[PDB]
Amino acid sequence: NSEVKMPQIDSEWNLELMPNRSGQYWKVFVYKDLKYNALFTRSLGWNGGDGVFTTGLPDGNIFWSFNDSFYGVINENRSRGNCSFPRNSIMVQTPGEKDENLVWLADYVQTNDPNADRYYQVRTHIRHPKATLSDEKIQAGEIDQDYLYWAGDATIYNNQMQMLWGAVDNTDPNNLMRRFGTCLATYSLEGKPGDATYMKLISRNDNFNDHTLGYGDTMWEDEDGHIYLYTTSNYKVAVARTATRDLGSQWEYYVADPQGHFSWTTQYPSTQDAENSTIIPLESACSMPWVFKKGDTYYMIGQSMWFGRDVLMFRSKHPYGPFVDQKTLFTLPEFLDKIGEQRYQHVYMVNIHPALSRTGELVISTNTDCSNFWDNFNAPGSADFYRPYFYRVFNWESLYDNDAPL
């Protein structure tokens, strides 16, 4: 296919084209979204974080969930000051794309005295029942380090958002961040962001799963009435699905027999069996796989293994089917657009945001890390290691131009 679909970029979008790296195809146009990078360059309240998962709502707003995030003050030259580090938090983005539109639904400690301690510091949004810090220590702004919840994907069912929260055990210093269960949280969509009713946790089932595998960390609501729930174990992608569009429906797992024969079973598979049932090639590895459908093709986008900067893409004729023909969509930067040291430790949580897509382009966001935790404070630019950076990929579909069909 000789056609080169030139993308029409509005200057208002504040996109900056990235140079042909090596990893990306010449027909694929990759951009740095400077508008969104600016939206998440904040000084008061949320000013750095992890996770960063969107969910377009039926009222035109977008729901954002975060994992470990800094809530507090950023000083002169993006030098992070006094902050809280809640294990999770949420926000609602309303139409407008100005900071006023990021409605942080935060459990603030205090927002009255800028000269007093705990200014714009926040508490964990949803706490794990096994966490032992006392209600007094939680009121005093202490954050849980033993048992916690981190964001899973979420869907809309009966004008209510059903979300999965993954239970994480950090009591073993060798085996840290051990997934040990899931909680099904139901949120109301009654009112407007800031209301008492809007995005209030209506119900929680903290004993929903006790599963080791994180089925549902990413999701895909398909035309066939099932919500596909994905996970990885040692960079092997396994899939499960809900019986109906209710996230609380009976789950069935796509698991492979010893003869390589796949079939849907209601029994939760062993980790060993879930890894034998990989839905990507056996010669491929990826983490945080995001599946979506465009036309009559299912596309999967994931980060290459061991915190690789290469963003991978696979395709299939089904949301569970053999994901094949790996391609490198693009390579994430080696340096951050930051004050001070631009080099960083890890890039992870390469997430996909259909709700932010203006014309069908992929809207991707990363999470980054610095080796030493103290470097997230008190130095020029320290604020900008631990925050998402946004990208837009136009004409991503081109990757399979000169390949046969499935």
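Note that residue numbering follows the sequence shown and begins at 1.
> Looking at the entry, does 378 to 386 or 5 to 13 show the higher mean C-alpha B-factor?
Averaging CA B-factors over each stretch, the winner is 5 to 13.
> Comparing 130 to 138 with 197 to 205, where is the mean C-alpha B-factor higher?
Between 197 to 205 and 130 to 138, it is 197 to 205 that shows the higher mean C-alpha B-factor.
> Of 341, 33, 59, 369, which one's C-alpha B factor is largest in the deposited record?
Spelled out: the listed residue with the top C-alpha B-factor is 59.
> Name the residue from 166, 86, 248, 72 with the greatest C-alpha temperature factor listed in the entry.
Of the candidates given, the C-alpha B-factor peaks at 248.
> Going by the recorded CA B-factors, say which third of the chain residue 162 sits in, lowest, middle or highest.
Its C-alpha B-factor, which the entry lists for residue 162, ranks in the middle third among residues of this chain.
> Per the entry's values, where does residue 333 land by CA temperature factor relative to the rest of its chain, in the lowest, middle or highest third?
It falls in the bottom third of the chain.
> Looking at the entry's B-factor column for C-alpha atoms only, identify whether residue 101 ranks in the lowest, middle or highest third of its chain.
Middle third.
> Relative to the other modelled residues in the chain, which third contains the C-alpha temperature factor of residue 146: lowest, middle or highest?
Residue 146: CA B-factor falls in the lowest third of its chain.
> Based on the deposited C-alpha B factors for this chain, I'd like to know if residue 318 is in the lowest, middle or highest third.
Residue 318: CA B-factor falls in the highest third of its chain.
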